[PDB]
Structure formats: C-alpha cells, structure tokens
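Worksheet: the structure to be examined is printed underneath.
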Amino acid sequence: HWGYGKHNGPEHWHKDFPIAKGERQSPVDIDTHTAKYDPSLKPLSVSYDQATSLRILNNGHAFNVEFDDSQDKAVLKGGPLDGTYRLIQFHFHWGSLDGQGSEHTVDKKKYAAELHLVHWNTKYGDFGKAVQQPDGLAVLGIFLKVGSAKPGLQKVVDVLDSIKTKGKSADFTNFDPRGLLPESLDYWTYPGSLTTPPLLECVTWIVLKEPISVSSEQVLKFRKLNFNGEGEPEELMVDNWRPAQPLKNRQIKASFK
Ligand SMILES: N=C(N)NC(=N)NCc1ccc(S(N)(=O)=O)cc1
Ligand SMILES: [Zn+2]
C-alpha cells in the first residue's frame with residue numbers, strides 16, 4: 001500500500017522499508033561542480049540493436065515497457081560497469097507540472113520527467129537474484145524536458161489509452177529503445193538504490209547529462225494515466241517521483257570534463 005499520496009508517499013515508506021533511511025539511497029541531487037571527472041571511466045556501450053520488447057504494463061506506480069531478457073539481446077556494458085547488464089524494462093517518473101517530475105536533480109534543477117532503463121547483471125542469473133547484490137542492477141537515467149516532440153516516444157504515448165488503469169497490459173512488440181536516447185552518452189555515476197519500495201541498495205546509477213526533449217502533448221498523455229484500477233475512484237498518475245535523498249558517504253563521478 002505504499003504510493004505517492006499524502007498518506008502513503010515517500011515520507012511514510014521507511015515504516016515498511018527501513019532501508020529508506022540507508023547509506024546509499026536514490027535519487028540524489030547531482031552537484032555538478034562537486035562531481036569529479038574520472039578519466040579512467042572506460043567507454044560506455046549501449047547495445048540495443050537486437051532488443052525484443054514484449055509488453056507494456058500499468059503497475060499502479062508507473063508503466064513498464066518490458067523486454068525479453070532470457071538472452072543477451074539488449075545490453076549495457078562499459079562505463080563504471082564490470083560485466084554485462086541485460087535490459088529488462090524501462091519506465092518513467094513524471095510530474096503534474098512541467099517544473100517537476102524527475103527523481104534526480106542537477107544543481108537542484110528538476111526536469112519534467114525521467115526515463116529509467118533498468119538492467120541486471122548477468123552474473124546473477126535472474127533479476128530477482130540481482131536485486132539482492134550490491135552490483136546487481138545498472139539503471140540508465142535520462143532527463144526529459146518539454147519542448148520539441150520526441151518522435152521515438154510517440155509509439156509509447158499512443159498505447160497509453162489501452163493501459164489507463166492499474167493492472168492493464170498490452171502487447172508492445174518491435175519497439176526500439178534507441179529512439180529514446182540523446183546524442184551524447186556523457187554521464188554521471190554513483191552507487192545507489194531502487195527509487196521505489198523495496199528501495200534495495202543494488203543499483204549502479206548512470207545518469208546522462210544531456211536531456212531529451214518531449215512535447216507538451218506527449219507529457220500530457222502521461223498525466224492521463226491512472227494510479228487506480230478500473231472501477232475504482234480516479235486518481236491521476238502524476239508526481240510519481242521520490243525526492244532527492246542524502247548523499248552520505250558517496251562521491252558522484254563524471255565521465256566528462
Ligand atoms: N524489485 C522489484 N520491485 N522488482 C521489479 N520488477 N522492479 C522493481 C524496480 C525496478 C526499478 C526501479 S527504479 N525506479 O529504481 O528504476 C524501482 C523498482
Ligand atoms: Zn524508476
């Protein structure tokens with residue numbers, strides 16, 4: 001029964017998930033002047049040419065575009081990572097207003113939304129095992145700002161009417177997640193956590209510096225989704241973001257000068 005409401009939102013999560021007050025929680029504010037360039041961060045490798053999307057699901061928190069992760073079809077390697085991380089799903093966090101919605105912030109700036117491409121370390125065999133490990137997941141985070149449309153997002157936008165309410169799914173094959181990437185792969189990285197319960201401290205975060213732009217109409221369609229199930233009181237799926245958490249004993253590294 002966690003969520004994003006007044007009575008069950010981020011300030012309440014610690015009562016069921018005490019790791020919410022842990023040593024490596026996410027998201028964080030990225031202080032760009034304090035991040036340090038790490039010249040040894042070896043090139044990042046996004047290999048999504050053989051990606052196989054399967055389905056899109058409204059899980060009551062967000063919507064997930066799910067991939068076949070039973071082979072190395074869409075993988076992330078390089079950068080801070082040791083080994084191979086398979087893409088399992090992507091989702092977004094977004095606001096009720098264009099001035100909020102991202103989970104990470106950059107010098108305290110919120111973006112309108114944030115895309116999370118979730119990958120698990122193949123050495124752990126399955127996603128469920130990976131989330132129990134400190135290096136189990138790699139999440140590629142991409143900021144969204146409102147401006148020009150993102151053509152490669154439109155197929156996602158257009159299916160949302162079919163998954164309005166919690167528990168709905170729709171087949172979603174042949175979607176190419178390369179159409180959601182910015183031009184540059186410059187990034188910041190730090191060790192953190194899942195940003196929703198169970199808040200497990202299993203993530204290497206890789207947050208791209210360059211935001212993608214989406215149109216006002218595209219984000220407006222995100223905001224028509226519902227947190228509730230069909231036949232329950234309508235509650236718009238907006239402001240499904242956790243605010244920045246204390247950095248504690250962490251350094252954020254930059255791939256770029
Ligand atoms: N551990 C689970 N709940 N299992 C699962 N299927 N996904 C959980 C999950 C995956 C990614 C993120 S995020 N926002 O940090 O990218 C939060 C939660
Ligand atoms: Zn997320």
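Residue numbers run from 1 in the order of the sequence given. Quick note: numbers below take in every heavy atom, side chains included, and nothing from hydrogens, waters or symmetry partners. Order of listing sets the numbers, starting from 1, for every ligand and every atom in it.
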Would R242 count as a contact of ligand 1 if the rule is a heavy atom under 4.0 Å away?
no
What atoms of ligand 1 come within less than 4.0 Å of a heavy atom belonging to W205?
15 (O)
Students should be able to answer this: which protein heavy-atom is nearest to atom 3 (N) of ligand 1, and at what distance?
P198 CD, 3.6 Å
Considering the heavy atoms of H93, write down every atom of ligand 1 situated less than 4.0 Å from one of them.
14 (N)
Atom 16 (O) of ligand 1: which protein heavy atom is closest, and how many Å away?
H91 CE1, 3.2 Å
How about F127 and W120: are their ring centres within less than 6.0 Å of each other?
no
Taking the six-membered ring for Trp and the single ring otherwise, decide whether the centroids of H12 and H7 are under 6.0 Å apart.
no
Assess the residue pair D72 and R86 against the criterion (side-chain contact (heavy atoms from CB on, under 4.5 Å)); give the C-alpha distance rounded to whole Å, side-chain angles, the decisive distance to 0.1 Å, and a yes or no.
CA-CA 6 Å; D72 284 345; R86 288 179 181 166; 2.3 Å; yes
Out of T195, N64, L115, who is nearest to atom 15 (O) of ligand 1 when you count heavy atoms only?
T195
List the steps, then state whether salt bridge (charged side-chain N to carboxylate O under 4.0 Å, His left out) holds for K110 with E103.
CA-CA 8 Å; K110 299 171 167 79; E103 298 210 300; over 6 Å; no
Considering non-hydrogen atoms of the protein only, which is the closest contact for atom 10 (C) of ligand 1, and what is the distance?
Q89 NE2, 3.8 Å
Nearest-option assignment for atom 8 (C) of ligand 1, heavy atoms, candidates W120, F90, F127:
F127
Please work out the angle at the Zn ion (ligand 2) defined by atom ND1 of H116 on one side and atom NE2 of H93 on the other, rounded to 10°.
100°
Do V106 and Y111 come within less than 4.5 Å of each other through their side chains, counting heavy atoms only?
yes
Got a salt bridge between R55 and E66, using NZ or NE/NH1/NH2 to carboxylate O under 4.0 Å?
yes
Ring geometry between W205 and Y190 (parallel below 30°, tilted from 30 to 60°, perpendicular above 60°):
parallel
Among all protein heavy atoms, pick out the one at the shortest distance from atom 18 (C) of ligand 1; state its residue, atom name and that distance to 0.1 Å.
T196 OG1, 3.0 Å
